[PDB]
Amino acid sequence: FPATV
Amino acid sequence: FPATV
Amino acid sequence: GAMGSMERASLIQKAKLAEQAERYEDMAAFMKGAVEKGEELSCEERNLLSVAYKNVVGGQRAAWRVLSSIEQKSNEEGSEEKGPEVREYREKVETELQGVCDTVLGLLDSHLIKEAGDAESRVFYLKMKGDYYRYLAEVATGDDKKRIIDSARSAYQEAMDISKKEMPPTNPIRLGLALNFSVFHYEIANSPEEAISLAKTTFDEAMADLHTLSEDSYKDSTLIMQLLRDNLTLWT
Amino acid sequence: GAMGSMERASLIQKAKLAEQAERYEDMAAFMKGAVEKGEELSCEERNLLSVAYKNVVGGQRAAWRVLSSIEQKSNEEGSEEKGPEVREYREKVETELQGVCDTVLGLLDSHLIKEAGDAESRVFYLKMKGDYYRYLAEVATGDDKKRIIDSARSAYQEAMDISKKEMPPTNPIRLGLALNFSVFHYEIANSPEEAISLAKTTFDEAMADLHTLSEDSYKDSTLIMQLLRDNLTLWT
Ligand SMILES: *CC(=O)NCC1CCN(C(=O)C2(Oc3ccc(Cl)cc3)CCNCC2)CC1
Ligand SMILES: *CC(=O)NCC1CCN(C(=O)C2(Oc3ccc(Cl)cc3)CCNCC2)CC1
Ligand SMILES: [Mg+2]
Ligand SMILES: [Mg+2]
Ligand SMILES: [Mg+2]
Ligand SMILES: [Mg+2]
Ligand SMILES: [Mg+2]
Ligand SMILES: [Mg+2]
């Protein structure tokens, strides 16, 4: 899963 | 802290 | 409602304690109470709000994915019929997740966004709005899925427009917004090319502005730039 | 109450799903519902019950320790007065923890223990009873602290007496009971010598019985023996 902030 | 199960 | 009798400052203090104790549900409830006092939030307070709900919904999303995978496996050929329980429990978790998203969106709509005039606050809240519609989109399968997706897109787009006019390309809020909108494009909108272009352009424009920064600002910006690079590596 | 309309088998199925999703509060609620059906629990079901509540209370204990440490620091010389919030929030967490302990003790008393006739089931439940009184003892500071400590001791002692008569020295339930009772002695009863003696004797008696076991039983027993050794190393 990709990085989010 | 010591081990418990 | 339940936090109506507690001082704003006490709610904020307790949110910080809850964070230290990794009690994120409590932290979110305290921050909800603080928002409902009706005063604007400072930067630190906005961060507490976002951390609390990110952690709560993050846990729900991880659980939902575990359960959805089990459910998908149950519908494959040669899988034994196990009854309604997997669907029911996935639905239970899903409903709880949607409830949390609705709570956050409610706080943003009543009345955080409309009172947020400074670019840094308005962009931060609009990013949140995009994020919580994105989480609703992840589990949406019905008549309103398109409208939910568009609600996320619209919030992110407004945030992007403000951020590009009002903030430097290294600003951590601008960077984090772009990171998340890029993920929206890749994972929700079936637009991997847009996702990749956004991440690349954001990274390169930030790179070119690093020279203007202090050591501490450089640390903050480069951390998020690395996340953009990580996603680009995953996708290319 | 809330689980009264759900089939026993569905509650058990959902508890297993909740475990896979790391949804331990849900898992505990499902298992509470299953116990309240009034039928005895199988070994697998007893394990589900214990895992669920161990994880829930484990999280509460970790949070309580973080908060108690902050509170203790606040009462040192030269510490600035920050008001009632740290004590209030530690009390909140404490009350929730006590509630969970009371819930488990209630299930054991109504009516798991009294219906448990086989050594393996009775010892398992009595160990749980000792464990949840021990957790109550960890946070007790008042008139009933001694009685709470004695309630833990009594439950553990009954479990020990049965385990020594009815189970081999390598039995994982006998081993786990001894491990936990040893910790009770060290951490609650201010009896480190008793703790050390119990751990050592339990380890050595198990060592001498390993020759009787299959590969798989050997794996199970030696895992818990290593925990006894770990504690002995911590304490000596
Ligand atoms: C009030 C305010 O200006 N908040 C922005 C902070 C910028 C630094 N920061 C971070 O870098 C981390 O979290 C973010 C970053 C960007 C956004 Cl939009 C949201 C959260 C980066 C990821 N780990 C946590 C800190 C905190 C917020
Ligand atoms: C129904 C029953 O007989 N349960 C006992 C199992 C023995 C194996 N086992 C374990 O070894 C672990 O957990 C325990 C062990 C002993 C007790 Cl009394 C309770 C739990 C050891 C620690 N990690 C988890 C498995 C499971 C219970
Ligand atoms: Mg006031
Ligand atoms: Mg649904
Ligand atoms: Mg564009
Ligand atoms: Mg029935
Ligand atoms: Mg108290
Ligand atoms: Mg003895």
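Each position is counted from 1, following the chain as shown.
Looking at the header, which is where the method is noted, we find X-ray crystallography, 1.5 Å.
Note that Cβ sites are derived from N, Cα and C of the backbone, with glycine treated the same way.
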- Note on the structure: Of C:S10, C:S110, C:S154, the residue that Swiss-Prot annotates as phosphoserine is C:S10
- Message: Please identify, among the recorded positions C:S10, C:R61, C:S79, the one with the smallest Cα-Cα distance to C:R134 (site 'Interaction with phosphoserine on interacting protein').
- Response: C:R61
- Note on the structure: A correct count of other C-beta atoms within 10 Å of the C-beta of C:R134 (site 'Interaction with phosphoserine on interacting protein') gives 25
- Query: Looking only at DSSP and grouping its letters into three states, which state does C:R61 (site 'Interaction with phosphoserine on interacting protein') belong to?
  - Reply: helix
- Note on the structure: C:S10 (phosphoserine) falls, by three-state DSSP, under helix
- Query: Cα distance, C:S79 (phosphoserine) to C:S10 (phosphoserine), nearest Å?
  - Reply: 53
